[PDB]
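Chains, contacts and geometry: an overview
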Amino acid sequence: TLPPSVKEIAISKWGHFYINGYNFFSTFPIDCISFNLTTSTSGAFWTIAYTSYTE
Amino acid sequence: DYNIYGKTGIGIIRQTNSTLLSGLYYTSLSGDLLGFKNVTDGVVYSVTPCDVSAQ
Ligand SMILES: *[C@@H]1O[C@H](CO)[C@@H](O[C@@H]2O[C@H](CO)[C@@H](O)[C@H](O)[C@H]2NC(C)=O)[C@H](O)[C@H]1NC(C)=O
Ligand SMILES: *[C@@H]1O[C@H](CO)[C@@H](O[C@@H]2O[C@H](CO)[C@@H](O)[C@H](O)[C@H]2NC(C)=O)[C@H](O)[C@H]1NC(C)=O
Ligand SMILES: CCCCCC/C=C\CCCCCCCC(=O)O
Ligand SMILES: *[C@@H]1O[C@H](CO)[C@@H](O)[C@H](O)[C@H]1NC(C)=O
């Protein structure tokens, strides 16, 4: 079930899903990701970040 | 005797009011399980030893 306190969903190109920082499931390596989302209770702005690993 | 998310031990498990926004379970510096989160409602439970050192 969806817990009431999800605040970030991170998807890696190798198929790993992180919810709130913890890897809960891994699929096969992903080539492309289609999404279509909308929300109204996310204050004023919510962000989608494309990120690369760094130390 | 608990087996929680693969970590096993002997202890007393209690429900806390604390709100930790990240992670599934927490360990000490020695690697002992200290707390874990219920994935349905987000409640955090603490784990304590059944017996302690005395003088
Ligand atoms: C997600 O919701 C939380 C609240 O549940 C938002 O954080 C609050 O933002 C308001 C508006 O700036 C502040 O007054 C509160 O103090 C914040 N609560 C905190 C920090 O606990 C948060 O902005 C929302 N996130 C998104 C992306 O919309
Ligand atoms: C995690 O939390 C859920 C939600 O509170 C717990 O499921 C509840 O269990 C009680 C006792 O059987 C039922 O009365 C409730 O109706 C359940 N709520 C649900 C299903 O939403 C669940 O037991 C908790 N998990 C653990 C391991 O304690
Ligand atoms: C892609 C839509 C959302 C994915 C749904 C996944 C299903 C269950 C969520 C399990 C992770 C729960 C983490 C607890 C988060 C928290 O309460 O802080
Ligand atoms: C924790 O929750 C219980 C039950 O609501 C309450 O009686 C207790 O005072 C709370 N403890 C703290 C430190 O808030």
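Residues numbered from 1 in each chain as written, not as in the entry; some residues may be left out. Chains lettered and ligands numbered in written order. Part of a larger assembly, values for the part shown. Heavy atoms only, no water. Residues with missing side-chain atoms left out of burial classes, pairs and counts.

Structure determination for this PDB entry is given in the record as cryo-EM, at a resolution of 2.5 Å.

As named in the PDB entry, chain B is Spike glycoprotein, taken from Feline coronavirus. Readers searching the PDB will find this entry under the title "Molecular basis of pathogenicity of the recently emerged FCoV-23 coronavirus. FCoV-23 S short".

Looking up chain A in the PDB entry gives the name Spike glycoprotein, with the organism given as Feline coronavirus.

Throughout the structure, instances matching the rule amount to seven aromatic pairs over all chains. Ring centres 4.7 Å apart and planes at 70° place the aromatic pair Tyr22(A) and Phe24(A) in the edge-to-face group. Exposure remark for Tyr22(A): the relative accessible area of 27% places this residue in the partly exposed category. Among the aromatic residues, ring-to-ring pairing joins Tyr22(A), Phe24(A), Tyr5(B), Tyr25(B), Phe36(B) and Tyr45(B) into one connected group. One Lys or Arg, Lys13(A), reaches over the ring of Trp14(A) and ends 5.7 Å from the middle of that ring. (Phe/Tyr/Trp six-rings, centres within 6.5 Å; stacked < 30°, edge-to-face > 60°. Buried < 20%, exposed > 50% of the residue type's maximum accessible area, 1.4 Å probe, protein only. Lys NZ or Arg CZ within 6 Å of the ring centre and 35° of its normal.)

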